[PDB]
Amino acid sequence: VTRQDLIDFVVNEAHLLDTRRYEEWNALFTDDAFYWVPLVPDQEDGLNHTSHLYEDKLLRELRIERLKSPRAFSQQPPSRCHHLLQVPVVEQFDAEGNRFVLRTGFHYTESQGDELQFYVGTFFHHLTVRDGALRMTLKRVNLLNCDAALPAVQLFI
Amino acid sequence: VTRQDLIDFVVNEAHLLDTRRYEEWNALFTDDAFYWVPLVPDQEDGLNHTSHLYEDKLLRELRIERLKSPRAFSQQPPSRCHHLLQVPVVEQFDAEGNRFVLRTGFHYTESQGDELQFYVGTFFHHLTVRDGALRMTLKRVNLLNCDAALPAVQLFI
Amino acid sequence: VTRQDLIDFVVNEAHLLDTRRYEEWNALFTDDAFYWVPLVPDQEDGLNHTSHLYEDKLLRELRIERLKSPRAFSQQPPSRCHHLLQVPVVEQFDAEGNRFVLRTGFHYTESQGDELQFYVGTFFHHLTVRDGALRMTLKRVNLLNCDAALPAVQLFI
Amino acid sequence: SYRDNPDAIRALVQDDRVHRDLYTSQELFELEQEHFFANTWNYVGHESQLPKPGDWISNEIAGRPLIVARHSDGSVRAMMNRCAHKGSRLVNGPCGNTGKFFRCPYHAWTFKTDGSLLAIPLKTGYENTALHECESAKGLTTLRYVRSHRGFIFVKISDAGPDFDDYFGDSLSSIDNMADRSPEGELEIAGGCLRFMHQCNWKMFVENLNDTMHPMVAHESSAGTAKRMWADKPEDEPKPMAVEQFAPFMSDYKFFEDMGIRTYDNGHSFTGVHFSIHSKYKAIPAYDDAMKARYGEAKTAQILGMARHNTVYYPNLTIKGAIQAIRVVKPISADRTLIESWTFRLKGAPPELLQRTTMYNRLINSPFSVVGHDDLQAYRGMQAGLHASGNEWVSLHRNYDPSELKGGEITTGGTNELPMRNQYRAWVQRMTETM
Amino acid sequence: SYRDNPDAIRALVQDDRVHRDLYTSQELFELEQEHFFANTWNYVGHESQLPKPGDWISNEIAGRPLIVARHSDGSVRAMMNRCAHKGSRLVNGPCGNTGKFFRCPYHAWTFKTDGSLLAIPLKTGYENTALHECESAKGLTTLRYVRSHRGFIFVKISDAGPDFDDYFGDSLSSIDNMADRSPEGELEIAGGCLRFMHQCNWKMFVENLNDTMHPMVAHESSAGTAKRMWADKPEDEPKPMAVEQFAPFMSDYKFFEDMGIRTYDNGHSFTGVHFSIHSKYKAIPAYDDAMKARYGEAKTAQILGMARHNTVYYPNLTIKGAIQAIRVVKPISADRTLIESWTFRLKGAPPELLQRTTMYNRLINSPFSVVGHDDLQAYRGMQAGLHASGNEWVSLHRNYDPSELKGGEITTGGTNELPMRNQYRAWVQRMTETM
Amino acid sequence: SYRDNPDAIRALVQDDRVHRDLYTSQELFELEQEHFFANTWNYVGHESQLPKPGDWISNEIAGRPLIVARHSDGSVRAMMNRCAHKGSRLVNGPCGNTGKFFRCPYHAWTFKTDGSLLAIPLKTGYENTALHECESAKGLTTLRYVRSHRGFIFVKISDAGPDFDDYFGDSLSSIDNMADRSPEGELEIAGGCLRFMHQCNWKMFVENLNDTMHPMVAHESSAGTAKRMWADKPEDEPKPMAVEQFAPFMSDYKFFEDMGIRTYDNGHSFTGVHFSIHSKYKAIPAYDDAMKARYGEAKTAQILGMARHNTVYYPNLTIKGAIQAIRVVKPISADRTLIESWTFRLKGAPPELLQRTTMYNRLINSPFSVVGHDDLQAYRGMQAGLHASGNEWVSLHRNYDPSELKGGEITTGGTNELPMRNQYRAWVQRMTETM
Ligand SMILES: O=C(O)Cc1c[nH]c2ccccc12
Ligand SMILES: O=C(O)Cc1c[nH]c2ccccc12
Ligand SMILES: O=C(O)Cc1c[nH]c2ccccc12
Ligand code: FES
Ligand code: FES
Ligand code: FES
Ligand SMILES: [Fe+3]
Ligand SMILES: [Fe+3]
Ligand SMILES: [Fe+3]
């Protein structure tokens with residue numbers, strides 16, 4: 001409804017990801033929404049081209065549920081993540097058309113044991129209003145070094 | 001009095017730390033305030049559990065005064081620090097109760113000679129009003145990798 | 001005219017630098033403006049002291065034009081850059097005097113191939129109004145480790 | 001202390017077990033880079049990556065930078081990425097096109113696309129010298145072991161070892177199937193490349209490919225989770241392709257035992273001789289119609305009934321038949337390896353084939369993949385644990401029988417540990433042949 | 001060039017001086033990891049960290065990963081964190097509980113808590129093989145040198161060297177005092193662990209423990225600052241515990257000289273035989289009342305009158321008596337070391353004891369501590385400066401006398417440099433015993 | 001395998017070509033640090049950096065830390081930055097002022113500014129010991145090869161090799177010109193220092209200095225771009241100093257050939273005997289007036305007409321005459337080097353000279369400079385490409401003639417590759433002298 005509401009939505013989503021509240025984070029998506037991590041710059045779509053992550057509801061639920069398992073050997077000890085965000089910028093704002101697009105620079109840090117890695121890039125958020133609640137229809141994560149060699153990334157960015 | 005005043009307070013405190021104006025920075029605390037760096041996540045208190053830093057007025061004064069000594073061998077050449085902050089978020093705002101709580105993501109960089117290190121985490125600020133001036137009653141610094149192996153950290157975070 | 005315009009100007013300049021729109025970025029400068037990167041902390045001026053970069057219009061045009069050459073051997077493959085900015089702070093605001101000073105903390109990342117480097121520091125922006133458009137008269141880039149040993153930096157910070 | 005010490009090289013491998021130094025010793029890694037990887041055929045690329053004349057790609061094999069280029073006559077040539085003057089690289093980047101000649105970016109020496117010298121600027125300075133007697137007069141150093149099969153390019157740095165035909169034997173049929181699933185009989189590179197850095201020796205990754213005992217244990221938290229998540233739904237509802245590709249990992253031991261394994265000489269082996277984990281994968285009618293129109297009923301049935309699980313071309317290539325995806329091993333150090341996963345488009349096929357291939361590639365081979373996380377955790381655990389003392393060996397006794405020492409094409413059950421033993425026999429031979 | 005060169009190992013140590021290679025040479029560090037740390041008793045943990053059956057902790061000693069676990073019979077066992085199949089770790093993390101058996105996360109081999117083999121999945125594949133003859137049939141490799149004193153667990157990897165009793169002699173009394181300051185006579189681990197990474201060899205940190213000439217010079221900018229800050233205050237006002245713990249560092253030479261030192265065999269030595277820097281530390285009446293009720297008058301006075309400054313158990317443990325804090329040395333490389341500081345809770349004591357212990361630990365051992373900053377700066381300066389040429393020795397001549405070569409328990413003044421000489425004599429012996 | 005192998009050291013250099021191991025081998029780098037840089041004179045600083053008594057600077061030469069200080073009598077002394085007690089550094093930082101004595105920050109040993117011992121605290125602990133017989137009694141280890149020419153300070157760690165006068169010969173004239181361009185005949189350090197890390201061996205940087213073949217090829221994208229950007233403007237408009245300094249890089253071949261080159265013994269050589277790229281550089285009337293007032297017409301004309309391009313003092317110093325800028329080479333590893341660029345102020349000259357010098361330094365030597373980017377890319381390409389097999393040599397055949405083997409002062413054309421050959425002959429000699 002207001003721009004500040006969209007900024008708060010993005011900030012609160014990052015905060016929810018930071019405090020391991022995955023069940024609440026996944027509820028912000030629409031049923032047919034996608035969580036997309038492109039593999040190449042200016043990628044056209046996630047259907048005919050490979051990506052790092054192109055998750056629908058089922059795959060997101062699978063990833064969230066695997067973290068609670070006592071046999072997730074790669075998650076012993078569990079990893080921790082931190083998001084540092086630039087202030088979101090509202091690119092398009094269609095109040096009548098029910099389409100909002102936001103661009104946000106991010107620095108993401110992931111640490112496990114005595115190991116730490118960081119990444120930088122941009123979030124593109126597509127938001128709509130369902131029954132008076134703001135909800136995502138697509139979350140695209142553009143990495144600066146998407147096509148470079150990467151180590152294992154075990155948490156949601 | 002206003003939220004923007006608290007945001008400006010946090011930003012200006014970081015700026016004061018960055019410019020090496022320690023005498024002005026230490027004056028923002030209350031006489032019984034604490035500068036706390038927990039050692040483990042979700043630490044209960046700094047009394048019955050070890051911490052990286054739990055400083056009252058005397059210890060802060062000692063640390064500030066040691067920096068002016070000509071025999072602080074570990075500070076030759078002097079170190080430099082930089083703070084990069086996400087916009088502060090006001091969680092609790094008790095105008096009548098005189099108690100404010102702020103949460104701020106941070107990226108902190110410290111460099112000496114040809115060596116440089118960085119850390120990420122969250123600041124929790126407890127603020128009150130004394131004689132019309134905003135003053136701190138507790139500064140808690142949550143590090144992402146608090147329980148990991150760390151090198152020497154020689155300045156205020 | 002308004003502060004938020006100045007914050008938007010700084011943010012948009014960083015965005016223009018991020019998306020390789022050098023021709024539009026160079027048009028924001030005044031004809032006699034300077035792009036200054038000091039070499040020592042609290043450097044007095046860029047005339048009688050060495051600096052990393054002290055570019056007028058001609059040198060900026062030369063650097064921008066060299067990137068389009070098919071024989072820029074050091075730019076194969078091309079490098080990519082990302083800016084993460086703290087919210088700008090307006091120090092001096094002379095509406096009648098036509099001179100504005102802004103201070104912004106920054107984290108800058110540059111990646112080429114499988115190599116990546118990052119720097120932190122402060123931007124000082126001097127802005128004025130020419131024919132109703134905000135334009136820069138000096139862009140000073142204070143690096144935290146300006147006097148330390150550095151590798152090659154091939155893009156605009 | 002293995003240098004110039006071949007018997008101590010042989011002593012690290014026994015009939016049914018190996019030593020830990022094969023996974024940790026850095027001096028052994030350097031000796032490999034000097035000896036083993038220079039004496040075997042290694043995948044460097046595909047012909048569809050350099051279609052036009054003058055097109056080139058750059059690769060790195062056994063510590064050597066290589067240019068693989070398309071000469072003006074349409075052939076494929078391989079040369080050292082090293083100028084004849086003072087050693088500077090001629091081409092910077094992964095791929096490109098130089099037109100008619102290479103030009104050094106240091107002093108602008110020029111060479112032909114096949115590597116021969118073309119011109120030296122200011123030649124008047126070399127009249128009374130001895131440049132024309134040295135090897136800098138011949139131009140770039142070339143490789144005369146370059147071969148292509150259905151577009152796949154293999155090179156061999158040195159002249160020691162069996163030739164391409166005897167090196168690969170009859171395993172090439174796998175590649176043929178990968179190429180016979182296209183109505184035009186051609187493959188092209190499309191969909192991008194996934195690059196994954198493992199903090200483990202390359203050997204462990206090469207072993208994980210034909211290990212049927214691991215998936216039900218290590219991959220339980222993900223494959224079992226998916227199986228339980230679907231188990232509930234009506235048996236009539238269509239299975240999402242994610243669940244379709246994830247479910248076979250949690251099969252019982254009899255399934256993998258009956259899948260089968262075949263091994264060739266020189267460490268090449270494939271899994272799934274008769275029926276595999278890619279056997280159901282739904283069905284596409286348009287693709288079947290196209291293949292029927294091109295080949296006929298019998299040939300189409302024969303081709304689509306060949307569903308090998310995965311094939312290993314030692315020491316760096318692995319491929320899948322019905323998925324059209326390959327993986328390449330890029331050793332970096334004793335405890336650092338790089339894995340590259342490519343995908344192919346079949347010429348003339350409907351887009352659903354490529355969509356399925358990209359889905360599988362993202363799900364399995366991405367650095368963000370949970371299956372990759374579990375396998376990498378297993379590799380890291382092995383690398384960390386192999387430093388303990390006491391028991392200093394790695395067991396390869398499963399389904400072992402000395403009659404396998406005769407070699408040749410051997411077919412056996414799915415849980416046999418024969419491929420590892422054959423791999424290490426070949427590795428010992430390839431090191432010791434040139435010491 | 002020290003490998004298989006024991007005489008050149010002995011040549012780096014003289015009667016009253018040492019060579020610089022003991023602090024810089026990486027090959028010497030590797031030889032130590034193979035020889036020295038495998039021939040001495042090392043602190044791996046406390047019994048209160050694994051109270052219940054099946055409870056385990058994981059440690060890293062001399063380049064070996066170890067599991068220290070509580071067997072079902074209540075004893076403590078030590079084994080290699082390395083599966084018998086192919087080497088993968090069994091447990092990931094610092095501590096945990098496995099119930100009744102260990103299960104490998106690669107192929108689900110299973111072993112008992114004492115390390116013996118329990119079950120191999122799909123055993124039918126090993127009938128006609130030779131698995132049962134090798135050492136993989138026994139299970140995990142175990143350590144039969146595990147001992148406990150008042151809860152402290154010590155291990156020794158190899159079988160060369162004196163046994164626990166003769167190795168430690170009468171220094172164990174220090175530990176006893178640390179345990180006798182509790183009404184229940186028991187310690188537990190509480191308060192967390194501080195981990196500090198030093199860019200210096202572990203040897204310098206081990207020497208700084210019994211060096212009484214350093215504190216008034218290196219620690220001047222902080223301890224002297226505190227002393228001057230508390231100056232001009234009324235003599236009746238209570239001292240903050242920070243000032244109480246900081247003031248003794250800036251004492252005169254006579255204080256430290258009279259404070260005293262005792263040394264044992266095998267590099268074990270404690271400082272402060274008569275009094276110490278922990279002597280005043282105010283007084284708590286409730287704790288004294290409890291100790292009076294449990295022990296009496298004479299025993300309580302004797303226990304609380306024992307105020308050793310700090311004790312060194314070579315090569316990796318140091319403890320404090322009246323503060324209840326220990327430090328462990330974890331060598332990483334020639335120029336990288338990790339120091340871990342733990343704290344104990346005395347059972348049945350008021351919380352003030354633990355509060356004081358945690359305050360001292362934060363003030364002295366934290367990476368944010370100024371005293372640690374100064375000591376680390378001294379270590380880094382020594383590490384950087386020991387690369388200069390010319391004078392290639394380090395002097396240990398202070399208070400040296402040849403009559404100390406008879407060994408045994410020796411008591412002397414506080415500024416003596418005897419402990420370092422004894423440490424290096426023991427280090428030479430432990431190196432050369434297994435050459 | 002070069003240690004104690006002088007013949008294999010000689011075998012890597014031939015008359016007109018060199019081996020690749022001179023640029024990659026790490027063991028060769030360590031042997032150099034032990035032998036080569038200890039047997040040649042190296043630039044450690046200028047006298048204007050330490051004008052007052054007690055002023056010191058700290059440097060790092062051949063893996064040794066050094067203190068260069070001004071004694072109380074006004075002379076310049078050099079000592080090891082290593083305390084005589086246990087090796088800790090005495091001074092931390094790049095420069096400073098110690099007053100009358102050095103005081104160790106570990107145990108407060110004290111030494112005189114010339115390095116001799118002054119006082120040991122609590123000396124009463126050394127009466128019956130052997131401290132006074134060892135080398136710790138003399139104090140810091142000193143260097144007796146310290147020499148100064150027009151303020152430049154050169155040191156030589158060891159006693160093997162020719163002395164300063166015979167080592168440098170007549171190349172010192174270059175320095176004299178750099179100092180004769182000041183009305184007072186004095187230089188001072190001003191403007192700051194630029195530090196640039198190159199991921200290449202130092203040898204490549206040292207070779208790029210006298211290579212006239214490269215600038216019109218590698219530096220084309222920048223110098224040619226500037227030339228084309230200016231080409232258009234009226235010939236009467238003043239050229240910006242950026243274009244003035246950039247244009248000469250894109251000259252034809254005859255210009256560089258006629259520019260000229262002179263070489264001395266021991267690898268010292270300068271470029272531009274007749275004219276140079278700094279020849280035009282506009283003109284300043286006030287500076288000429290002052291020089292005329294100080295020297296006269298003839299002497300000023302002779303001094304200002306001497307415009308050498310750049311001079312190389314082997315193995316780590318290069319200078320420019322008419323620009324008043326120097327560069328120092330700081331090797332770090334086989335593939336890591338640090339380059340420092342300083343500027344000088346001429347005493348009594350107008351500020352325009354220093355403004356021009358700082359502009360040139362920023363334009364050419366900064367890590368943000370495009371010319372530096374191109375040169376570093378060439379170095380990195382050479383370092384990466386010298387690992388290819390086959391041709392394992394680097395050609396130095398350009399303008400080669402055996403009559404150059406007589407040595408001495410040799411003058412020749414600008415494109416001759418003689419300086420590199422002389423450099424490598426001197427390098428071979430300096431290695432093999434101490435084998
Ligand atoms: O090809 C794959 O999807 C992964 C994989 C490698 N080795 C395997 C053995 C059994 C089952 C799956 C795999
Ligand atoms: O135990 C301490 O608090 C630190 C310390 C280590 N060595 C010392 C020698 C003398 C005085 C204090 C210490
Ligand atoms: O002196 C300079 O500005 C750079 C430089 C190094 N070597 C050269 C050879 C020819 C021309 C310029 C240079
Ligand atoms: S290195 Fe290629 S032309 Fe000189
Ligand atoms: S490595 Fe443990 S079961 Fe195979
Ligand atoms: S190391 Fe210098 S006084 Fe001891
Ligand atoms: Fe696997
Ligand atoms: Fe100390
Ligand atoms: Fe150059």
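Order of the sequence lines sets the chain letters (A, B, ...), proteins ahead of strands, with each chain counted from 1. FYI, side chains are in, hydrogens and waters are out, and symmetry mates aren't considered; it's all heavy atoms of this structure.
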Max heavy-atom pair count under 4.5 Å with chain B, selected residue of C:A149, C:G121, C:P41, C:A148: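 Option with the top pair count is C:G121.
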Among B:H83, B:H82, B:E115, B:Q86, residue most engaged with chain C (heavy-atom pairs, under 4.5 Å):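 Highest number of heavy-atom pairs under 4.5 Å: B:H82.
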Heavy-atom check, side chain of B:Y108 versus side chain of C:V120, under 4.5 Å: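 No, their side chains stay 4.5 Å or more apart.
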4.5 Å side-chain heavy-atom contact, B:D18 and C:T122: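 A side-chain contact under 4.5 Å is absent here.
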Contact summary for C:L84 and B:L84, nearest pair of heavy atoms: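 Looks like O-CD2, 4.2 Å.
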Crowding at NZ, C:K57 (>12 non-hydrogen neighbours, <6.0 Å):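 For C:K57, atom NZ is not crowded (no more than 12 foreign heavy atoms under 6.0 Å).
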Salt bridge (charged side-chain N to carboxylate O under 4.0 Å, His left out) contacts touching residues 69-89 of chain C (sequence neighbours left out):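 Of all non-adjacent pairs touching residues 69-89 of chain C, those that pass salt bridge (charged side-chain N to carboxylate O under 4.0 Å, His left out) are A:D147-C:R80, C:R71-F:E220.
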Pair B:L116-C:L144, side-chain contact (heavy atoms from CB on, under 4.5 Å): steps then yes or no: CA-CA 10 Å; B:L116 182 132; C:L144 184 76; 4.3 Å; yes
C:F118 versus chain B, the contacting section by heavy-atom distance below 4.5 Å: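 Contact with chain B: side chain only.
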